[PDB]
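K.L.:
Take a look at this one; I'll ask things after.
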Ligand SMILES: Nc1ncnc2c1ncn2[C@@H]1O[C@H](COP(=O)(O)OP(=O)(O)O)[C@@H](O)[C@H]1O
Ligand SMILES: Nc1ncnc2c1ncn2[C@@H]1O[C@H](COP(=O)(O)OP(=O)(O)O)[C@@H](O)[C@H]1O
Ligand SMILES: [Mg+2]
């Protein structure tokens, strides 16, 4: 940072907060500005101004080198609000809320304190944002500029579903024009340090670091950084938004931000209310999430999509911080603990989950299949000794298809859902749906055996993805050609591949069948 | 070099354990240890750690010992930096307090170096890129809820279920398989429980007086004031950090109890004048656990792997003290009393247990698939156990009877005779290898050991010991049958 004038001396410290006495003359620093405390002749320690008392004293929120801060040290002022490095050059790197880059193993600035776009500045959300999950992209579809909450207990897949959404963009972003590329911003508030490292390696292996920048305020780092981390995350996204490009922002998580803000408020004797949080803990998350938006044609038509994560304690939505964030965001993606342990991963509770702008957000092709799935799963959940209708058969296969570790590509998802919709997996049993889906995507049975003879439509040709998005499956161009592919795949799978299940009644073969089927759950 | 080294100050105010100190030449830094030089009316010394600064010349502190007989204006002198604790192999075998003074009456420690208690947690670059399995040599742990390198591990279990026995076995088994040492943070523990650990370790020879020791004890007990009980968790962690960073080694840490760290900080935080957050805990509850638990991690240099006890107050799991801790933990080990009383030791109930590294990416595909089948089979067995109670054993199907025979053997084979518990069991211990554990359980699921009897699997380690006991059972059953084929 840029020093200007020596405004005062350090008087008191109380962990991560301090107060200053003014230097002779009483210069008086400006409000909400950064100030550099000289911890040594060579080194400085940043801090934000929160109180300007009548006495001349100035309240400081400490940020860097907190152990090195002492009473009687000199304090230089910037006379400016907190600006940070933002742009394309910051991508593929880990950074603090203050802007300092973090080393990892082996650019015009922007204001963090900024007002959100007003009423005429925004527009309705039309551009889709693919999470890469059949459960989410059909039932709870996220649009670009939307704020979609992720709620649920610890170890329910809140991070993984958010991180895989960033990883899902690489396959599109590589192929598409960079104007429509989804640049991601993963904010890590209050997390463990090794968890950030594992996400860095996981982003690097899938080529995500090229189209991603990692905001990081770990549990070791103070509450001042944790408080400010989501704000620094949005600032970096708003650069892309205001310059006519689309962006994604994950805050993992706002629960730990609130706890950091509560620490700051309680330590400065701010009157606490519900669950010991201050009065303005709603205002904290509100001004953050409202800065995420979909701008108008008049201001570039860019976007910042928000995926705030909020941890619940034993499926209790009535908690103060959880109920606040639900009332701000445009619906949620609820992750149930019983569904996680039950088998379904991601454990998306479709009844509890909701998207407030779902229909308009979806693609024309995805809107066709998904509209029917709501009718089938509604009847399946209600109807759930035995007695099987067509909805009961086809409904159960959808549940088997929604299980996935890594995100599915838009073509590979919609075709496997279209098969189940028109009833191509009815004769196929429930346990062999993932083996059926694997052999559809990677392999192909028509080209294998003999009975192929399709002129264009195959699954190995990944470029058909964007033709499907334009014309849809229910269309005179692709309908007849698609229904061949599926008819060849079902008849050959039932005849040649599913015939083994009546056979195979021995120990080294039943175990071989299991290990095959287990691995099929991972790869979609 | 070391500035502010012997900088003199005087005691400004004394309100309980919290003590203010006036320094003439400016106040030292935060977390700086200060020895109270004045007076010889006390029987033990007094050492103050600065927590806050009030002005340029005054600094507020917390007492590690009692503040009895402390007059105003008493002479106080700085140490040089933070509270310093001895490290290295000279610490092994000895007992210590929060400060690092030997409390076992066995002469002066050999200390070639001292490190500060308040170290900073490792950066992103220092973290491991290979989530790696820490082979404990125990069947239930390694198979179902494997402990990882760098892992925070949690030991859930009521009074008298096998906690102290499992910690002692891990101290042995770390030293067998990785050659590693161990550290025991007695955080807010009973002083009388500390004796029984010291004696039982001396009997089992993990600590040895005359010879080689493979354990360190750092105790900050209930009798001590909150300042000690708060900081004593970090003292032990500094010693484990030396074996991790400098010596480059796999190390175990044992914090009993991590709630007592949070509770000790809740006492000082009240006396410091801070406004309490939810349920009367300190407002820095998440931050206190943050800076402690983040230091416990697998670096590139070594790996500390902390097993922890966590008290759930009033059996309320939604309470902040456990709820905040749950995010930090990797492998949750749950010990059940009914499992212990039935005969299975260690008393690990595998269904309530879980591990983060139970994943096809981290461990091998053969490890995950076999481990899941044990969990699946035991889940089916509990459903079948309710049917046999109602209907009967004969009422079950042909395939379901064979699942019961295997599942009964799985429960028995999960038991293991511990090497530290030779006195209790009356049989020699068994370190079971990870390759042995996976293969033996894999074959049992296949049905390769269907003809092997059930009690062969009870209290043994690995398939060679199962077939050895089954041979002894076949021979002894042949003799007793021949006796009744005569009388
Ligand atoms: N779709 C999925 N399929 C299989 N495993 C998953 C999936 N999503 C998450 N997991 C696993 O579940 C565990 C918890 O996930 P995580 O996203 O960290 O939950 P949280 O964010 O609530 O802590 C991790 O070990 C992760 O690998
Ligand atoms: N592996 C084991 N083998 C045999 N007995 C055991 C084993 N573990 C625990 N026990 C028995 O359980 C009792 C209580 O275990 P212990 O760990 O001492 O409880 P606590 O941790 O409450 O002190 C012991 O007296 C011992 O006989
Ligand atoms: Mg998470």
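Chain A uses Swiss-Prot numbers throughout; the residues present, in order, are 46-151, 161-438, 445-584.
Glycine is no exception: its Cβ is also placed from the backbone N, Cα and C atoms.
According to Swiss-Prot, the record shows the following:
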- A:207, A:208, A:209, A:210, A:211, A:212, A:213, A:214, A:464: ATP binding site (BINDING)
- A:407: site 'Required for activity' (SITE)
K.L.:
List the binding-site residues A:207, A:209, A:211, A:213, A:464 whose Cβ sits under 6 Å from any atom of ligand 3, in sequence order.
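P.N.:
Close enough to ligand 3 are A:213.
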K.L.:
If you pair up every Cα among A:207, A:208, A:209, A:210, A:211, A:212, A:213, A:214, A:464, the residues annotated as binding ATP, what's the maximum separation in angstrom, rounded to an integer?
P.N.:
19
K.L.:
A:209, A:213, A:407: which of these recorded positions has the sparsest Cβ neighbourhood within 10 Å?
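P.N.:
It is A:209 that, of the recorded positions A:209, A:213, A:407, has the fewest other Cβ atoms within 10 Å.
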K.L.:
Cα-Cα, whole number of Å: residue A:207 (ATP binding site) versus residue A:407 (site 'Required for activity')?
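P.N.:
Residue A:207 (ATP binding site) and residue A:407 (site 'Required for activity') have their Cα atoms 14 Å apart.
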K.L.:
About how far apart, in whole Å, are the alpha carbons (Cα) of residue A:211 (ATP binding site) and residue A:407 (site 'Required for activity')?
P.N.:
15
K.L.:
Using DSSP and three states only, what is residue A:213 (ATP binding site)?
P.N.:
helix
K.L.:
List those of the recorded positions A:207, A:209, A:407 whose Cβ lies under 6 Å from any atom of ligand 1, in sequence order, or write none if there are none.
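P.N.:
Once distances to ligand 1 are taken from each Cβ, A:209 fall under 6 Å.
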K.L.:
Whole-number Å only: compute the distance from the Cα of residue A:209 (ATP binding site) to the Cα of residue A:407 (site 'Required for activity').
P.N.:
18
K.L.:
Under 8 Å Cβ-Cβ from residue A:464 (ATP binding site), six or more apart in the same chain: what's there?
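P.N.:
Looking at Cβ-Cβ distances below 8 Å from residue A:464 (ATP binding site), excluding near sequence neighbours, one finds A:187, A:188, A:399, A:400, A:581, A:582, A:584.
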K.L.:
For the C-alpha pair, I'd like the distance in angstrom between residue A:213 (ATP binding site) and residue A:407 (site 'Required for activity'), rounded off.
P.N.:
17
K.L.:
So for residue A:211 (ATP binding site), how many other CB atoms are inside 10 Å of its CB?
P.N.:
20
K.L.:
Hey, what's the Cβ neighbour count for residue A:207 (ATP binding site) at 10 Å?
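P.N.:
Cβ-Cβ neighbours of residue A:207 (ATP binding site) within 10 Å number 19.
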